[PDB]
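Working notes for the structure below.
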Amino acid sequence: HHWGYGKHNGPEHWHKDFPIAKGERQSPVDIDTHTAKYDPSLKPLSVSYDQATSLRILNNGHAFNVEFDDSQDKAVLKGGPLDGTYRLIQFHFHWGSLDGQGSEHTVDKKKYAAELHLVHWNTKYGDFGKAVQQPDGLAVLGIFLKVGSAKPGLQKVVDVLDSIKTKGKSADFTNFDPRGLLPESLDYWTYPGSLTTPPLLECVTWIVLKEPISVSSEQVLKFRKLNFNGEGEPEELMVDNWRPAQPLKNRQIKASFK
Ligand SMILES: NS(=O)(=O)NCCNc1nonc1/C(=N\O)Nc1ccc(F)c(Br)c1
Ligand SMILES: [Zn+2]
């Protein structure tokens, strides 16, 4: 009986195995745009993905992860609210059963159809496992998805999902360029938070982009054909794999823009 997004093992149950679920810097949160304060001391975000080396795509039973070679500074996030260099390790999405839900973060209570998370770890801690034990161990770049025009840079991901339908399935996924998933603007909100999945560790600097990307209905429909279950088990569609907004508590959300 391990954690998931069902009625019996979903977000409301996670605290029983992971008491930090009720902690002081949990994610996601609602971003109240009028309460977020412009911070002129925040630098522009530096996203350097030109030498990114994707390796594999994996259905892990909760989402699909596109994994990168993080043994050298190849794809890094710097600047913004961050001190030092954060290396890209993987990206994944959260999405809904319907277009009106799916994102984890919300904006004035608005839910987007999905949310892309690019996960980076602080290279002063040597490896990801050590980084997640630190309050500034990770930086996650969050990008909202709305349904409209297709995202050309997403299609290579969409096309391979048939080969990783069920939990535990992986496929080679080389030469994917994550720059094709970014919006025009890198204006962002930032706050200190946590992993949004167990173990819910409070190790993340969240950087959530203001501008959503647009994906087609057909693209998100293919996300919804994935399975939570393993091969040869009863089919449970991988949908609504998002944690709802958590209490902001003693935190301020800062904006990079006016
Ligand atoms: N929505 S979220 O907070 O970004 N979810 C994070 C998903 N997991 C990962 N993302 O990028 N690498 C991940 C990954 N290992 O590298 N899983 C993972 C998750 C928690 C842990 F404590 C350890 Br150790 C590993
Ligand atoms: Zn995530």
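Each chain in the structure tokens gets a letter, A, B and so on, in the order shown; residues start at 1 in every chain, and ligands are counted from 1 in the order they appear.
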Compile the contact shell of range 246-256 of chain A as a compact mmCIF listing (two decimals) with N, CA and C atoms, in the first residue's frame: residues with an atom at most 12 Å away, counting only C-alpha atoms, same-chain residues fewer than 4 positions apart removed.
```txt
# COMPACT_ATOMS: atom_id res chain seq x y z
N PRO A 11 -2.74 12.36 -1.89
CA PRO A 11 -2.15 13.44 -1.09
C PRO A 11 -2.64 13.58 0.35
N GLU A 12 -3.93 13.35 0.60
CA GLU A 12 -4.49 13.46 1.95
C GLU A 12 -3.98 12.37 2.91
N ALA A 21 4.84 16.17 5.35
CA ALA A 21 3.71 16.62 4.53
C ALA A 21 2.94 17.79 5.15
N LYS A 22 2.94 17.89 6.48
CA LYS A 22 2.33 19.02 7.19
C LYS A 22 3.38 20.03 7.69
N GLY A 23 4.51 20.12 6.99
CA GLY A 23 5.64 20.95 7.42
C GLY A 23 5.47 22.43 7.11
N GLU A 24 6.54 23.19 7.35
CA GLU A 24 6.49 24.65 7.25
C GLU A 24 6.83 25.23 5.87
N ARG A 25 7.35 24.42 4.95
CA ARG A 25 7.65 24.92 3.60
C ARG A 25 7.30 23.88 2.54
N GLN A 26 6.04 23.48 2.54
CA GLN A 26 5.55 22.48 1.60
C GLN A 26 5.10 23.11 0.29
N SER A 27 5.21 22.33 -0.78
CA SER A 27 4.81 22.74 -2.12
C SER A 27 3.81 21.73 -2.67
N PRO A 28 2.99 22.12 -3.64
CA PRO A 28 2.95 23.45 -4.25
C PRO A 28 2.16 24.44 -3.41
N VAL A 29 2.06 25.67 -3.89
CA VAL A 29 1.27 26.72 -3.25
C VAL A 29 0.50 27.48 -4.30
N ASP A 30 -0.53 28.20 -3.86
CA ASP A 30 -1.19 29.17 -4.70
C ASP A 30 -0.33 30.42 -4.74
N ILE A 31 -0.11 30.93 -5.95
CA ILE A 31 0.61 32.17 -6.15
C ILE A 31 -0.41 33.29 -6.27
N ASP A 32 -0.56 34.06 -5.19
CA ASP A 32 -1.41 35.23 -5.21
C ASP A 32 -0.61 36.37 -5.85
N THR A 33 -0.94 36.68 -7.10
CA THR A 33 -0.14 37.61 -7.91
C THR A 33 -0.09 39.02 -7.32
N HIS A 34 -1.16 39.41 -6.64
CA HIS A 34 -1.22 40.73 -6.02
C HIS A 34 -0.44 40.83 -4.71
N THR A 35 -0.25 39.70 -4.03
CA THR A 35 0.52 39.64 -2.79
C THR A 35 2.02 39.40 -3.04
N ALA A 36 2.36 38.77 -4.16
CA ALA A 36 3.77 38.57 -4.51
C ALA A 36 4.44 39.92 -4.70
N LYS A 37 5.64 40.07 -4.14
CA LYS A 37 6.35 41.34 -4.20
C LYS A 37 7.48 41.32 -5.22
N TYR A 38 7.48 42.31 -6.11
CA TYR A 38 8.60 42.54 -7.01
C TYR A 38 9.86 42.76 -6.19
N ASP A 39 10.91 42.01 -6.51
CA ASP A 39 12.20 42.13 -5.85
C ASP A 39 13.22 42.56 -6.90
N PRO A 40 13.58 43.86 -6.92
CA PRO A 40 14.54 44.35 -7.92
C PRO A 40 15.96 43.80 -7.78
N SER A 41 16.27 43.20 -6.63
CA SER A 41 17.58 42.56 -6.42
C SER A 41 17.70 41.18 -7.09
N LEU A 42 16.58 40.59 -7.51
CA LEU A 42 16.60 39.32 -8.25
C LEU A 42 17.20 39.52 -9.63
N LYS A 43 18.12 38.63 -10.01
CA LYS A 43 18.75 38.70 -11.32
C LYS A 43 17.90 37.97 -12.35
N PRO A 44 18.20 38.19 -13.65
CA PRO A 44 17.58 37.35 -14.66
C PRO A 44 18.00 35.90 -14.47
N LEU A 45 17.13 34.99 -14.87
CA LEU A 45 17.42 33.58 -14.81
C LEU A 45 18.40 33.25 -15.93
N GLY A 79 21.78 32.03 -11.63
CA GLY A 79 21.19 33.35 -11.53
C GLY A 79 19.83 33.30 -10.85
N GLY A 80 19.01 34.31 -11.13
CA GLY A 80 17.71 34.42 -10.48
C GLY A 80 17.89 34.56 -8.98
N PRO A 81 17.19 33.72 -8.19
CA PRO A 81 17.36 33.71 -6.74
C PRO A 81 18.50 32.81 -6.27
N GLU A 104 0.12 21.89 -10.39
CA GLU A 104 0.31 21.78 -8.95
C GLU A 104 0.25 23.18 -8.33
N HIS A 105 1.09 24.07 -8.82
CA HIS A 105 0.97 25.48 -8.48
C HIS A 105 -0.28 26.02 -9.16
N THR A 106 -0.89 27.01 -8.52
CA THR A 106 -2.01 27.74 -9.09
C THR A 106 -1.67 29.23 -9.06
N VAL A 107 -2.36 30.00 -9.89
CA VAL A 107 -2.13 31.44 -10.01
C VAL A 107 -3.46 32.13 -9.77
N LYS A 109 -5.59 31.10 -7.79
CA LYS A 109 -6.47 29.92 -7.73
C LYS A 109 -6.75 29.26 -9.09
N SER A 185 9.24 34.36 -22.51
CA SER A 185 9.69 35.13 -21.35
C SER A 185 10.17 34.23 -20.22
N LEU A 186 11.22 34.66 -19.52
CA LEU A 186 11.68 33.98 -18.32
C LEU A 186 11.34 34.76 -17.04
N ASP A 187 10.34 35.64 -17.11
CA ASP A 187 9.81 36.28 -15.91
C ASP A 187 9.28 35.20 -14.98
N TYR A 188 9.53 35.32 -13.67
CA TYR A 188 9.20 34.25 -12.74
C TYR A 188 8.77 34.72 -11.35
N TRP A 189 8.13 33.81 -10.63
CA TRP A 189 7.93 33.93 -9.19
C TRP A 189 8.85 32.92 -8.52
N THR A 190 9.29 33.21 -7.29
CA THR A 190 10.14 32.27 -6.57
C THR A 190 9.81 32.24 -5.08
N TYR A 191 9.95 31.07 -4.47
CA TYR A 191 9.73 30.90 -3.04
C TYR A 191 10.42 29.61 -2.60
N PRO A 192 10.72 29.48 -1.29
CA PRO A 192 11.31 28.26 -0.76
C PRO A 192 10.25 27.21 -0.48
N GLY A 193 10.45 26.00 -0.99
CA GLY A 193 9.45 24.95 -0.85
C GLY A 193 10.02 23.55 -0.74
N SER A 194 9.27 22.59 -1.26
CA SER A 194 9.59 21.18 -1.09
C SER A 194 9.37 20.41 -2.38
N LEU A 195 9.77 19.14 -2.36
CA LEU A 195 9.31 18.19 -3.36
C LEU A 195 7.80 18.10 -3.21
N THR A 196 7.09 17.94 -4.32
CA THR A 196 5.63 17.81 -4.28
C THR A 196 5.19 16.34 -4.26
N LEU A 200 8.78 14.36 -0.02
CA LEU A 200 8.32 15.71 0.33
C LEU A 200 9.37 16.57 1.05
N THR A 205 14.29 25.37 -4.00
CA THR A 205 13.99 26.74 -4.42
C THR A 205 13.13 26.63 -5.68
N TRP A 206 11.87 27.02 -5.55
CA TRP A 206 10.93 26.98 -6.67
C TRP A 206 11.06 28.24 -7.52
N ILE A 207 11.14 28.04 -8.83
CA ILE A 207 11.15 29.12 -9.80
C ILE A 207 10.03 28.81 -10.79
N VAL A 208 8.92 29.54 -10.69
CA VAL A 208 7.74 29.27 -11.51
C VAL A 208 7.59 30.38 -12.54
N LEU A 209 7.63 30.01 -13.82
CA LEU A 209 7.54 31.00 -14.90
C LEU A 209 6.11 31.53 -15.03
N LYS A 210 6.01 32.83 -15.28
CA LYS A 210 4.72 33.52 -15.45
C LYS A 210 4.02 33.10 -16.72
N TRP A 242 -1.26 15.20 -9.53
CA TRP A 242 -0.86 16.49 -8.98
C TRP A 242 -1.26 16.57 -7.52
```
| Test item: residues at most 6 Å from residue 240 in chain A, only C-alpha atoms, excluding those fewer than 5 positions along its chain, as a PyMOL selection string | chain A and resi 95-97+102
Keeping only C-alpha atoms, write the selected residues to a file as a PDB file, in the first residue's frame.
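Written output follows (part.pdb):
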```
ATOM      1  CA  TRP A  95      -1.478  16.715 -15.541  1.00  0.00           C
ATOM      2  CA  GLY A  96      -5.206  16.250 -15.133  1.00  0.00           C
ATOM      3  CA  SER A  97      -8.036  14.090 -16.383  1.00  0.00           C
ATOM      4  CA  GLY A 102      -3.537  19.293 -13.651  1.00  0.00           C
TER       5      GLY A 102
END
```
| task | Could you give me the residues within 9 Å of ligand 2, counting only C-alpha atoms and all ligand atoms, as a ChimeraX atom specification? | result | /A:63,91-94,104,115-119,140,142,195-197,242
| said: Please identify the strand (DSSP E) residues within range 179-223 of chain A (assignment by DSSP from backbone atoms) and present them as a ChimeraX atom specification. | reply: /A:188-193,204-209,213-215
| task | Give me the residues within 10 Å of residue 238 in chain A as a PyMOL selection string, counting only C-alpha atoms and dropping any in the same chain fewer than 5 places off. | result | chain A and resi 5+61-64+94-97+165-167+223-229
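Excluding residue 222 in chain A itself and any same-chain residue fewer than 3 positions from it, the protein and nucleic acid residues within 10 Å of it, counting only C-alpha atoms, are residues 157, 158, 159, 160, 161, 162, 217, 218, 219, 225 and 226 of chain A.
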| task | Mind checking which residues fall within 7 Å of residue 203 in chain A, counting only C-alpha atoms, ignoring those fewer than 2 positions away in the same chain, and posting them as a VMD selection string? | result | chain A and resid 132 to 138 193 to 194 201
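Taking atom 10 (N, counted along the ligand's line) of ligand 1 as the reference point, CA of residue 13 in chain A is found at 21.0 Å.
We find CA of residue 89 in chain A and CA of residue 202 in chain A to be spaced 17.9 Å apart.
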| request: Name the residues of range 20-178 of chain A that come out as alpha helix (DSSP H) in a backbone DSSP run; write them as a PyMOL selection string. | output: chain A and resi 128-131+155-160
| request: Quick one: everything within 9 Å of residue 124 in chain A, counting only C-alpha atoms, minus sequence neighbours fewer than 4 positions away in the same chain. Send it as a PyMOL selection string. | output: chain A and resi 84-86+131+137
Those residues you just picked out, can you put them in a file as a CSV table (one decimal), in the first residue's frame with N, CA and C atoms?
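Done, and the output landed in out.csv:
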```
chain,number,residue,atom,x,y,z
A,84,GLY,N,25.2,30.0,-6.9
A,84,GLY,CA,25.9,28.8,-7.4
A,84,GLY,C,25.2,28.2,-8.6
A,85,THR,N,25.7,27.0,-8.9
A,85,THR,CA,25.3,26.3,-10.1
A,85,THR,C,24.4,25.0,-9.8
A,86,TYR,N,23.3,24.9,-10.6
A,86,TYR,CA,22.4,23.8,-10.4
A,86,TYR,C,22.3,23.0,-11.7
A,131,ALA,N,22.2,16.5,-2.1
A,131,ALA,CA,21.5,17.7,-2.3
A,131,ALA,C,20.1,17.8,-1.6
A,137,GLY,N,19.2,22.6,-1.7
A,137,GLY,CA,19.8,21.5,-2.5
A,137,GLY,C,19.3,21.5,-3.9
```
| query | To one decimal place, how far is atom 14 (C, counted along the ligand's line) of ligand 1 from CA of residue 77 in chain A in Å? | reply |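 So the two atoms, atom 14 (C, counted along the ligand's line) of ligand 1 and CA of residue 77 in chain A, lie 17.3 Å apart.
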| request: Excluding residue 172 in chain A and any residue of its chain fewer than 5 positions from it, enumerate the residues within 9 Å of it, using only C-alpha atoms, and give them as a VMD selection string. | output: chain A and resid 54 to 58
| query | Which one of A:120, A:7, A:146, A:111 sits closest to residue 73 in chain A if you count only C-alpha atoms? | reply |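 That would be A:120, the residue with the smallest distance to residue 73 in chain A.
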| request: Counting only C-alpha atoms, figure out which residue out of A:49, A:257, A:3, A:14 gets nearest to residue 176 in chain A. | output: A:49
